[PDB]
Amino acid sequence: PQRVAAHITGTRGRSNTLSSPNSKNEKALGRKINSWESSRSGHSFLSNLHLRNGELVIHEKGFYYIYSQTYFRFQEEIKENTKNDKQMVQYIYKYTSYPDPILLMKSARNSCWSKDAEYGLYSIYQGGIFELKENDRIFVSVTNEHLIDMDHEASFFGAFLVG
Amino acid sequence: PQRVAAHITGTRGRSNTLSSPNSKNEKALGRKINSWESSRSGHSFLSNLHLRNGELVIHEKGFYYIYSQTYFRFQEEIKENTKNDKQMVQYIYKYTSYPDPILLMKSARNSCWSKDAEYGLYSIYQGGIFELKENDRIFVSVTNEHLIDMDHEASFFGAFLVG
Amino acid sequence: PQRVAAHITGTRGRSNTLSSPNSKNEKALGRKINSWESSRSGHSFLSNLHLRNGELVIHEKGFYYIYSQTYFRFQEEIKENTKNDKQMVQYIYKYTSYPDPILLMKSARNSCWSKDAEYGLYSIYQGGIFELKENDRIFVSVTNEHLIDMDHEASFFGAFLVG
Amino acid sequence: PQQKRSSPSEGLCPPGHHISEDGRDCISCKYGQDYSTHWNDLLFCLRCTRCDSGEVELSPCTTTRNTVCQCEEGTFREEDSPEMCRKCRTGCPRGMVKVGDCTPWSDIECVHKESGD
Amino acid sequence: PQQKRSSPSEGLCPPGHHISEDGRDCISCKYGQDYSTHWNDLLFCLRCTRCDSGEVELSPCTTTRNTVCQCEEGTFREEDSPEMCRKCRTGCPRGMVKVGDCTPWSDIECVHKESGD
Amino acid sequence: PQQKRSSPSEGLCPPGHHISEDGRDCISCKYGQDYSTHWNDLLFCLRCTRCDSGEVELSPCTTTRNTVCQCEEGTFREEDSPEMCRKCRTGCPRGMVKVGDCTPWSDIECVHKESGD
């Protein structure tokens, strides 16, 4: 019967939307990815869930497997004495009827090499099941948001009703 | 009721099948993994989906969570002045009633060290939900296919009907 | 109807439980994570499955998508001539009505840098579908268990009935 | 006009508590284990965080505030490096002078990130 | 024998278009945004690709062809390195001579990958 | 009191076999392909492991025992490094003396991991 799921992706070039009205989180670490596309496309969709300011809004209470892949892709030209060392972290949060956002999951990678290193490719995927109440909101936040490659096959965010 | 899902794995030693009749993709990046086992085993199965030339064939239209893990495992003996730097990419494609394959997901890692480095272990997992039509075909393609460890617990490919 | 799923997480500070009665595996590689919390919390739950000695016990036969994320986080202070090189492996096993545990999935990463390197962040997630019989038991085992960060948003283990 | 312990105001319990499942009482959070900072309807208080070996605790967890941890002297943390404290540099590179000392939230500040000499 | 704009042939729309949901018209792709290269029954045209900062655009996206990007001078890309352009080597190692110059699809070619001297 | 090949004892088949689906016979595992080491009710025997290029085979897979592989001379493996054999060190660091030679399960053992001189 009625399907409850979503899969939304980066907007490639439009990469980041935000603008002046934008939208944010709070005591949340990193920076909220706010540019997911909000409508049907041949690679994304929303069924019984909708998007608001980069956050997926729950309509039906339940157990949801939530996941996200965020591609950190960067060319780097270091210099003299070090200062380069990146922590690439993907956070998945929820806003419930509580003032502050509550972390559900984090996944991290750190750059390695240094000096003698031309570039870095780090796709981070994580997922897991959480109970959510109607109107709970879930979003993704990341460190070094400027290194995220938002092509749609690369970075995405989704969830579906479990059981 | 009727379960729609699959989980197929590498064939360990038979590693790569292909042979002369083999089977391929097209404008698709990397090289299609064609050696997944096609029958029941104590660690793989196909329920209302089947395998053809390394591609999973859809029988029932719907939203599918599709995933794959590909283990890049290699011992490396560099030399003199560099040339070693590997891009390990896992691609997940679909063939629909359109001539060319359409990328659904990519996930990448790059080797780091260089020179002073004995080996690399890179398991790549990614997954996400996509709408598929009956007879759509999905497969996995990877770069450096010669570094893939196909033991069954290491590399696999699967999908199941969501919602 | 009746939901069959679970998501259990690390216990942060209590990190490792075990104690004297503890609980283990067998011919299983690495060391079984035995400290998952066994009761309801705002970030974990068990529905028609239960926990025993770190192992999730199946009640209803079926196809299960099983997954786990294990965060290897460590600060390292190398020295003189090398000896540092870590293999970070996450194993997912099952015990059925057979004496020995049977590997279902493995995912690995190796540390890179060496000498000139301050720390490492390696979150490992993997998941896949397996058929399980009632009373089958599933657990997670890892190498270098002393480097695992057990905060609940970081390391977890779960599964849900597919199809 | 007679009572006992705690009841929810407009369906919300006070900081230091969480609400009962359906039965509706306001249960206290467990000191040292979990907390809640605002009026709420959580079925479970929020877990306290434990400072790790590279941090020092400035204040303990209370039923009302989460533990407050900070990087240990000689290391620091910033917005893009929330996972691990980073070692402070001992000195500035050749040709650059201090101007900013190591803080728990910042490495050393070195000048010639523009200036004459 | 009278018409207007576009209708599907044997259930397929022409390049530069996609087909209507169930109602069946052939809608044009949006120039600069998406395209379709063959006769088809896509409900959505294919998204154009945007060249990244390490690439140069050889031809723009049209309703009929995807953008064509290429590695920028001094870098190259090959079948196993489709993700990032790799820096071309400035010269051959000690003892080896050129023979092949840097291309968008290849690093320099150096000889003594067999030969006398 | 008359029979043929194999039937399950108390619902379990012997090593070297697995049990039939519902029909209940005891099917033999395929030598060189899969096995089973204990009495059981597996619907499929366990797949043999193939030694990789950095290992040597000590004994082949039989319907009753899995292949036994070991790191190749000059490399070794331990409990925390089950994935890849690690290269043995050629000699001990400055100031330390042997005491332990390279084994398939251990690097060299060097002393001054306490001792006088």
# chains A, B, ... in the order shown; residues from 1 in each chain; ligands from 1
>>> closest_atom_pairs(of="chain B", to="chain C", cutoff="6 Å", atoms="only C-alpha atoms", output="CSV")
residue,atom,partner,partner_atom,distance
B:3,CA,C:163,CA,4.8
B:7,CA,C:129,CA,6.0
B:113,CA,C:113,CA,5.7
B:121,CA,C:109,CA,4.9
B:122,CA,C:109,CA,5.3
B:123,CA,C:107,CA,5.3
B:153,CA,C:105,CA,4.2
B:154,CA,C:106,CA,5.5
>>> write_last_selection(atoms="N, CA and C atoms", output="compact mmCIF listing (two decimals), in the first residue's frame")
# COMPACT_ATOMS: atom_id res chain seq x y z
N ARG B 3 8.04 -11.77 -1.57
CA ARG B 3 9.24 -10.97 -1.35
C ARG B 3 10.04 -10.62 -2.60
N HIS B 7 20.53 -10.56 -3.25
CA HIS B 7 21.85 -10.28 -2.69
C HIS B 7 22.74 -11.30 -3.40
N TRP B 113 49.21 7.48 0.69
CA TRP B 113 50.65 7.34 0.89
C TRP B 113 51.59 7.69 -0.27
N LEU B 121 43.80 -1.27 1.66
CA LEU B 121 42.54 -1.95 1.90
C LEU B 121 41.44 -0.90 1.79
N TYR B 122 40.61 -1.01 0.76
CA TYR B 122 39.52 -0.05 0.62
C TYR B 122 38.17 -0.69 0.30
N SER B 123 37.34 -0.92 1.31
CA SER B 123 36.00 -1.46 1.06
C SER B 123 35.10 -0.25 0.80
N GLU B 153 32.00 -12.54 1.15
CA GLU B 153 31.68 -11.70 2.29
C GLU B 153 32.20 -10.25 2.05
N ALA B 154 33.09 -10.12 1.09
CA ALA B 154 33.76 -8.86 0.76
C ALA B 154 33.12 -7.96 -0.29
>>> interface_residues(of="chain B", to="chain F", cutoff="12 Å", atoms="only C-alpha atoms", output="ChimeraX atom specification")
/B:10-15,39-44,71-77,117-123,149-154
>>> write_last_selection(atoms="N, CA, C and O atoms", output="compact mmCIF listing (two decimals), in the first residue's frame")
# COMPACT_ATOMS: atom_id res chain seq x y z
N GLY B 10 30.48 -12.16 -4.99
CA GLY B 10 31.62 -12.57 -5.78
C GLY B 10 31.78 -14.08 -5.70
O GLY B 10 31.27 -14.73 -4.80
N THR B 11 32.54 -14.63 -6.63
CA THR B 11 32.74 -16.06 -6.71
C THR B 11 34.10 -16.54 -6.23
O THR B 11 34.55 -17.61 -6.63
N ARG B 12 34.72 -15.75 -5.36
CA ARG B 12 36.00 -16.05 -4.70
C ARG B 12 37.20 -16.22 -5.61
O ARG B 12 37.96 -15.28 -5.82
N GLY B 13 37.37 -17.45 -6.09
CA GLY B 13 38.48 -17.78 -6.97
C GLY B 13 38.11 -17.61 -8.43
O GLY B 13 38.89 -17.06 -9.22
N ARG B 14 36.93 -18.09 -8.81
CA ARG B 14 36.43 -17.95 -10.18
C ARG B 14 36.46 -16.45 -10.48
O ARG B 14 36.35 -16.03 -11.63
N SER B 15 36.62 -15.68 -9.41
CA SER B 15 36.70 -14.22 -9.43
C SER B 15 35.97 -13.58 -10.59
O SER B 15 34.88 -13.03 -10.42
N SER B 39 22.89 -18.13 -8.71
CA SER B 39 22.01 -19.10 -8.06
C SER B 39 22.11 -19.10 -6.54
O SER B 39 22.99 -18.48 -5.95
N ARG B 40 21.17 -19.82 -5.92
CA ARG B 40 21.09 -19.93 -4.47
C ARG B 40 22.37 -20.49 -3.89
O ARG B 40 23.02 -21.35 -4.47
N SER B 41 22.73 -19.99 -2.72
CA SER B 41 23.92 -20.45 -2.02
C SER B 41 23.58 -20.12 -0.59
O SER B 41 22.50 -19.57 -0.32
N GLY B 42 24.46 -20.44 0.35
CA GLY B 42 24.11 -20.12 1.72
C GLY B 42 24.34 -18.65 2.06
O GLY B 42 24.16 -18.25 3.21
N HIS B 43 24.73 -17.85 1.07
CA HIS B 43 25.02 -16.44 1.31
C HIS B 43 24.50 -15.49 0.23
O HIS B 43 24.80 -14.30 0.25
N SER B 44 23.73 -16.01 -0.71
CA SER B 44 23.18 -15.18 -1.76
C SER B 44 21.82 -15.75 -2.17
O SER B 44 21.50 -16.88 -1.83
N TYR B 71 35.36 -4.47 -2.58
CA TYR B 71 36.60 -4.42 -1.84
C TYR B 71 37.87 -4.31 -2.70
O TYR B 71 38.24 -5.23 -3.43
N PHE B 72 38.51 -3.16 -2.62
CA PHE B 72 39.73 -2.95 -3.37
C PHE B 72 40.77 -3.34 -2.38
O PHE B 72 40.86 -2.74 -1.31
N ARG B 73 41.53 -4.37 -2.73
CA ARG B 73 42.59 -4.92 -1.88
C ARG B 73 43.80 -5.15 -2.76
O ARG B 73 43.73 -5.88 -3.74
N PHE B 74 44.92 -4.51 -2.41
CA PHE B 74 46.11 -4.68 -3.23
C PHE B 74 47.41 -4.47 -2.46
O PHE B 74 47.51 -3.64 -1.55
N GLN B 75 48.41 -5.25 -2.85
CA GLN B 75 49.74 -5.15 -2.26
C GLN B 75 50.45 -4.36 -3.34
O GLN B 75 50.25 -4.62 -4.53
N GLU B 76 51.23 -3.35 -2.97
CA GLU B 76 51.90 -2.58 -4.01
C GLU B 76 53.38 -2.36 -3.76
O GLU B 76 53.80 -2.07 -2.64
N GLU B 77 54.16 -2.49 -4.83
CA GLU B 77 55.60 -2.28 -4.77
C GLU B 77 55.94 -1.17 -5.76
O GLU B 77 56.21 -1.44 -6.94
N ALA B 117 54.83 2.84 1.26
CA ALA B 117 53.51 2.27 1.53
C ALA B 117 53.48 0.86 1.01
O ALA B 117 53.71 0.61 -0.17
N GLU B 118 53.16 -0.08 1.89
CA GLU B 118 53.13 -1.48 1.49
C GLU B 118 51.85 -2.03 0.86
O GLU B 118 51.92 -2.89 -0.01
N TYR B 119 50.67 -1.55 1.28
CA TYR B 119 49.42 -2.06 0.73
C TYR B 119 48.19 -1.18 0.98
O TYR B 119 48.24 -0.20 1.73
N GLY B 120 47.08 -1.57 0.37
CA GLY B 120 45.87 -0.80 0.54
C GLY B 120 44.63 -1.65 0.70
O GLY B 120 44.43 -2.63 -0.01
N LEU B 121 43.80 -1.27 1.66
CA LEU B 121 42.54 -1.95 1.90
C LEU B 121 41.44 -0.90 1.79
O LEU B 121 41.32 -0.02 2.64
N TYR B 122 40.61 -1.01 0.76
CA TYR B 122 39.52 -0.05 0.62
C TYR B 122 38.17 -0.69 0.30
O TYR B 122 37.90 -0.98 -0.85
N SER B 123 37.34 -0.92 1.31
CA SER B 123 36.00 -1.46 1.06
C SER B 123 35.10 -0.25 0.80
O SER B 123 35.10 0.71 1.58
N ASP B 149 38.77 -7.67 -4.58
CA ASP B 149 38.80 -8.97 -3.92
C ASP B 149 37.35 -9.47 -3.98
O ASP B 149 36.47 -8.88 -3.35
N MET B 150 37.10 -10.56 -4.71
CA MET B 150 35.76 -11.09 -4.85
C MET B 150 35.34 -12.18 -3.87
O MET B 150 34.42 -12.95 -4.18
N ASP B 151 35.99 -12.29 -2.71
CA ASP B 151 35.47 -13.28 -1.76
C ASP B 151 34.02 -12.83 -1.49
O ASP B 151 33.73 -11.63 -1.50
N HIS B 152 33.11 -13.77 -1.26
CA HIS B 152 31.71 -13.41 -1.12
C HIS B 152 31.28 -12.51 0.03
O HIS B 152 30.30 -11.82 -0.09
N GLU B 153 32.00 -12.54 1.15
CA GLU B 153 31.68 -11.70 2.29
C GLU B 153 32.20 -10.25 2.05
O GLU B 153 31.79 -9.31 2.73
N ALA B 154 33.09 -10.12 1.09
CA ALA B 154 33.76 -8.86 0.76
C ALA B 154 33.12 -7.96 -0.29
O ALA B 154 33.11 -6.74 -0.13
>>> atom_distance(atom1="atom CA of residue D:7", atom2="atom CA of residue D:37")
17.3 Å
>>> residues_around(residues="stretch 58-72 of chain F", least_positions_apart="3", cutoff="8 Å", atoms="only C-alpha atoms", output="list in words")
residues 15, 16, 17, 28, 29, 30, 31, 32, 33, 34, 35, 36, 37, 48, 49, 50, 51, 54, 55, 75, 76, 77, 85 and 104 of chain F
>>> write_last_selection(atoms="N, CA, C and O atoms", output="mmCIF file, in the first residue's frame")
data_model
loop_
_atom_site.group_PDB
_atom_site.id
_atom_site.type_symbol
_atom_site.label_atom_id
_atom_site.label_comp_id
_atom_site.auth_asym_id
_atom_site.auth_seq_id
_atom_site.Cartn_x
_atom_site.Cartn_y
_atom_site.Cartn_z
ATOM 1 N N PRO F 15 29.852 -34.832 8.841
ATOM 2 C CA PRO F 15 30.852 -33.942 8.245
ATOM 3 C C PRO F 15 31.031 -34.408 6.785
ATOM 4 O O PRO F 15 30.990 -35.612 6.502
ATOM 5 N N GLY F 16 31.213 -33.470 5.862
ATOM 6 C CA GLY F 16 31.388 -33.841 4.466
ATOM 7 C C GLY F 16 30.072 -33.855 3.725
ATOM 8 O O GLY F 16 30.025 -34.118 2.528
ATOM 9 N N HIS F 17 28.998 -33.561 4.444
ATOM 10 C CA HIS F 17 27.678 -33.533 3.848
ATOM 11 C C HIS F 17 26.876 -32.350 4.372
ATOM 12 O O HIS F 17 27.319 -31.632 5.278
ATOM 13 N N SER F 28 26.374 -35.174 -0.206
ATOM 14 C CA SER F 28 27.799 -34.967 -0.020
ATOM 15 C C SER F 28 28.246 -33.593 -0.515
ATOM 16 O O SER F 28 27.694 -33.054 -1.478
ATOM 17 N N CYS F 29 29.233 -33.015 0.160
ATOM 18 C CA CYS F 29 29.754 -31.726 -0.272
ATOM 19 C C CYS F 29 30.606 -32.023 -1.497
ATOM 20 O O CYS F 29 31.041 -33.172 -1.700
ATOM 21 N N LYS F 30 30.860 -30.997 -2.301
ATOM 22 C CA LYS F 30 31.679 -31.175 -3.492
ATOM 23 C C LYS F 30 33.156 -30.897 -3.186
ATOM 24 O O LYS F 30 33.544 -29.760 -2.880
ATOM 25 N N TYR F 31 33.973 -31.947 -3.259
ATOM 26 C CA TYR F 31 35.404 -31.839 -2.993
ATOM 27 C C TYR F 31 36.011 -30.712 -3.828
ATOM 28 O O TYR F 31 35.733 -30.587 -5.017
ATOM 29 N N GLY F 32 36.834 -29.892 -3.179
ATOM 30 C CA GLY F 32 37.477 -28.784 -3.852
ATOM 31 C C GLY F 32 36.593 -27.568 -3.974
ATOM 32 O O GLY F 32 37.050 -26.506 -4.363
ATOM 33 N N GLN F 33 35.324 -27.696 -3.627
ATOM 34 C CA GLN F 33 34.462 -26.551 -3.753
ATOM 35 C C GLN F 33 33.906 -26.106 -2.408
ATOM 36 O O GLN F 33 33.980 -24.931 -2.056
ATOM 37 N N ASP F 34 33.358 -27.044 -1.653
ATOM 38 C CA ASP F 34 32.769 -26.708 -0.373
ATOM 39 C C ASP F 34 32.906 -27.845 0.622
ATOM 40 O O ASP F 34 33.290 -28.947 0.256
ATOM 41 N N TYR F 35 32.607 -27.572 1.886
ATOM 42 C CA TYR F 35 32.780 -28.577 2.901
ATOM 43 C C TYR F 35 31.854 -28.337 4.090
ATOM 44 O O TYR F 35 31.006 -27.446 4.053
ATOM 45 N N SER F 36 32.034 -29.155 5.126
ATOM 46 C CA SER F 36 31.304 -29.045 6.410
ATOM 47 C C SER F 36 32.127 -29.862 7.402
ATOM 48 O O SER F 36 32.458 -31.010 7.147
ATOM 49 N N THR F 37 32.484 -29.250 8.522
ATOM 50 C CA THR F 37 33.330 -29.900 9.506
ATOM 51 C C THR F 37 32.629 -30.621 10.654
ATOM 52 O O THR F 37 33.244 -31.412 11.346
ATOM 53 N N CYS F 48 34.906 -23.234 0.074
ATOM 54 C CA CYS F 48 36.325 -23.368 0.361
ATOM 55 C C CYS F 48 36.975 -22.013 0.175
ATOM 56 O O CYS F 48 36.449 -21.185 -0.552
ATOM 57 N N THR F 49 38.113 -21.773 0.816
ATOM 58 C CA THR F 49 38.772 -20.513 0.587
ATOM 59 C C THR F 49 39.945 -20.786 -0.341
ATOM 60 O O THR F 49 40.531 -21.880 -0.335
ATOM 61 N N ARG F 50 40.225 -19.811 -1.194
ATOM 62 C CA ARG F 50 41.324 -19.881 -2.140
ATOM 63 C C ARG F 50 42.450 -19.029 -1.585
ATOM 64 O O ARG F 50 42.229 -17.876 -1.235
ATOM 65 N N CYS F 51 43.650 -19.591 -1.506
ATOM 66 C CA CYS F 51 44.782 -18.847 -0.990
ATOM 67 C C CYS F 51 45.060 -17.746 -2.007
ATOM 68 O O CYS F 51 44.930 -17.982 -3.205
ATOM 69 N N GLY F 54 49.722 -13.860 -1.968
ATOM 70 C CA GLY F 54 50.742 -13.585 -0.967
ATOM 71 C C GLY F 54 50.829 -14.699 0.059
ATOM 72 O O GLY F 54 51.586 -14.616 1.033
ATOM 73 N N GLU F 55 50.047 -15.746 -0.184
ATOM 74 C CA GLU F 55 49.966 -16.913 0.690
ATOM 75 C C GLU F 55 50.420 -18.185 -0.032
ATOM 76 O O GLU F 55 50.597 -18.183 -1.244
ATOM 77 N N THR F 75 56.929 -12.725 5.199
ATOM 78 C CA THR F 75 55.783 -11.932 5.600
ATOM 79 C C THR F 75 55.102 -12.669 6.747
ATOM 80 O O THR F 75 55.393 -13.835 7.006
ATOM 81 N N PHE F 76 54.199 -12.001 7.446
ATOM 82 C CA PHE F 76 53.557 -12.648 8.573
ATOM 83 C C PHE F 76 52.194 -12.054 8.831
ATOM 84 O O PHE F 76 51.847 -11.004 8.294
ATOM 85 N N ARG F 77 51.436 -12.714 9.695
ATOM 86 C CA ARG F 77 50.102 -12.237 10.034
ATOM 87 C C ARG F 77 49.811 -12.446 11.523
ATOM 88 O O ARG F 77 50.263 -13.418 12.118
ATOM 89 N N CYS F 85 49.167 -9.964 4.722
ATOM 90 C CA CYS F 85 50.397 -10.366 5.375
ATOM 91 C C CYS F 85 51.269 -9.115 5.424
ATOM 92 O O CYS F 85 51.258 -8.303 4.493
ATOM 93 N N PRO F 104 55.564 -17.112 10.467
ATOM 94 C CA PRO F 104 54.383 -16.784 9.668
ATOM 95 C C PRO F 104 53.370 -16.046 10.522
ATOM 96 O O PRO F 104 52.417 -15.440 10.022
#
>>> residues_around(residues="residue F:39", least_positions_apart="2", cutoff="6 Å", atoms="only C-alpha atoms", output="list in words")
residues 12, 13, 14 and 15 of chain F
>>> residues_around(residues="stretch 88-94 of chain F", least_positions_apart="6", cutoff="10 Å", atoms="only C-alpha atoms", output="ChimeraX atom specification")
/C:80-83 /F:73-77,101-104,106-112
>>> residues_around(residues="residue C:6", least_positions_apart="4", cutoff="10 Å", atoms="only C-alpha atoms", output="PyMOL selection string")
(chain A and resi 63+128-130) or (chain C and resi 44-51+56+66+157-161)
>>> write_last_selection(atoms="N, CA, C and O atoms", output="mmCIF file, in the first residue's frame")
data_model
loop_
_atom_site.group_PDB
_atom_site.id
_atom_site.type_symbol
_atom_site.label_atom_id
_atom_site.label_comp_id
_atom_site.auth_asym_id
_atom_site.auth_seq_id
_atom_site.Cartn_x
_atom_site.Cartn_y
_atom_site.Cartn_z
ATOM 1 N N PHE A 63 9.405 3.772 12.301
ATOM 2 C CA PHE A 63 10.818 3.457 12.278
ATOM 3 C C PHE A 63 11.286 3.766 10.867
ATOM 4 O O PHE A 63 10.693 3.297 9.876
ATOM 5 N N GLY A 128 20.970 4.176 9.147
ATOM 6 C CA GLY A 128 20.573 3.466 10.356
ATOM 7 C C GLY A 128 19.105 3.701 10.660
ATOM 8 O O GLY A 128 18.493 4.603 10.083
ATOM 9 N N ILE A 129 18.527 2.926 11.574
ATOM 10 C CA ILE A 129 17.110 3.114 11.862
ATOM 11 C C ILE A 129 16.780 3.883 13.127
ATOM 12 O O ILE A 129 17.322 3.612 14.188
ATOM 13 N N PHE A 130 15.870 4.838 12.992
ATOM 14 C CA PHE A 130 15.440 5.667 14.106
ATOM 15 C C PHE A 130 13.922 5.859 14.143
ATOM 16 O O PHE A 130 13.250 5.900 13.092
ATOM 17 N N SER C 44 17.854 3.987 20.332
ATOM 18 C CA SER C 44 18.000 2.571 20.040
ATOM 19 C C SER C 44 16.687 1.869 20.400
ATOM 20 O O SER C 44 15.854 2.438 21.092
ATOM 21 N N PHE C 45 16.484 0.660 19.894
ATOM 22 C CA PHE C 45 15.272 -0.100 20.176
ATOM 23 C C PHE C 45 15.415 -1.512 19.629
ATOM 24 O O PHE C 45 16.293 -1.778 18.816
ATOM 25 N N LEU C 46 14.533 -2.400 20.082
ATOM 26 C CA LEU C 46 14.492 -3.791 19.658
ATOM 27 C C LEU C 46 13.019 -4.164 19.486
ATOM 28 O O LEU C 46 12.258 -4.106 20.427
ATOM 29 N N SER C 47 12.617 -4.521 18.279
ATOM 30 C CA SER C 47 11.244 -4.892 18.032
ATOM 31 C C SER C 47 11.252 -6.266 17.393
ATOM 32 O O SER C 47 11.680 -6.436 16.253
ATOM 33 N N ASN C 48 10.786 -7.243 18.160
ATOM 34 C CA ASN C 48 10.731 -8.629 17.734
ATOM 35 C C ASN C 48 12.084 -9.227 17.431
ATOM 36 O O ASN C 48 12.253 -9.974 16.482
ATOM 37 N N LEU C 49 13.038 -8.880 18.283
ATOM 38 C CA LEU C 49 14.404 -9.366 18.232
ATOM 39 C C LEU C 49 14.914 -9.009 19.618
ATOM 40 O O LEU C 49 14.361 -8.106 20.253
ATOM 41 N N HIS C 50 15.920 -9.714 20.124
ATOM 42 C CA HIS C 50 16.449 -9.324 21.424
ATOM 43 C C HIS C 50 17.950 -9.507 21.457
ATOM 44 O O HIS C 50 18.532 -10.106 20.551
ATOM 45 N N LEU C 51 18.580 -8.985 22.500
ATOM 46 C CA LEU C 51 20.026 -9.028 22.618
ATOM 47 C C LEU C 51 20.493 -9.998 23.688
ATOM 48 O O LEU C 51 19.900 -10.078 24.751
ATOM 49 N N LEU C 56 22.471 -10.203 18.405
ATOM 50 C CA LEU C 56 21.067 -9.994 18.143
ATOM 51 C C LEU C 56 20.496 -11.377 17.830
ATOM 52 O O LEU C 56 21.057 -12.123 17.008
ATOM 53 N N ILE C 66 21.093 -6.374 7.202
ATOM 54 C CA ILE C 66 21.829 -6.212 8.456
ATOM 55 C C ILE C 66 22.913 -5.173 8.215
ATOM 56 O O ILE C 66 23.531 -5.181 7.157
ATOM 57 N N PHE C 157 24.637 -0.948 15.496
ATOM 58 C CA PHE C 157 24.388 -2.221 14.858
ATOM 59 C C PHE C 157 22.876 -2.411 14.726
ATOM 60 O O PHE C 157 22.143 -2.184 15.678
ATOM 61 N N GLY C 158 22.408 -2.859 13.571
ATOM 62 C CA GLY C 158 20.978 -3.045 13.421
ATOM 63 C C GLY C 158 20.547 -3.984 12.321
ATOM 64 O O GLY C 158 21.372 -4.552 11.630
ATOM 65 N N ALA C 159 19.233 -4.159 12.158
ATOM 66 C CA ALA C 159 18.716 -5.050 11.128
ATOM 67 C C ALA C 159 17.227 -4.878 11.055
ATOM 68 O O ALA C 159 16.620 -4.407 12.003
ATOM 69 N N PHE C 160 16.637 -5.239 9.920
ATOM 70 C CA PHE C 160 15.186 -5.178 9.810
ATOM 71 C C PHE C 160 14.770 -6.187 8.772
ATOM 72 O O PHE C 160 15.550 -6.560 7.893
ATOM 73 N N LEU C 161 13.537 -6.654 8.907
ATOM 74 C CA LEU C 161 12.978 -7.643 8.009
ATOM 75 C C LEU C 161 12.750 -7.066 6.637
ATOM 76 O O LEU C 161 12.065 -6.069 6.484
#
>>> atom_distance(atom1="atom CA of residue E:80", atom2="atom CA of residue B:143")
5.1 Å
>>> atom_distance(atom1="atom CA of residue C:95", atom2="atom CA of residue C:18")
19.2 Å
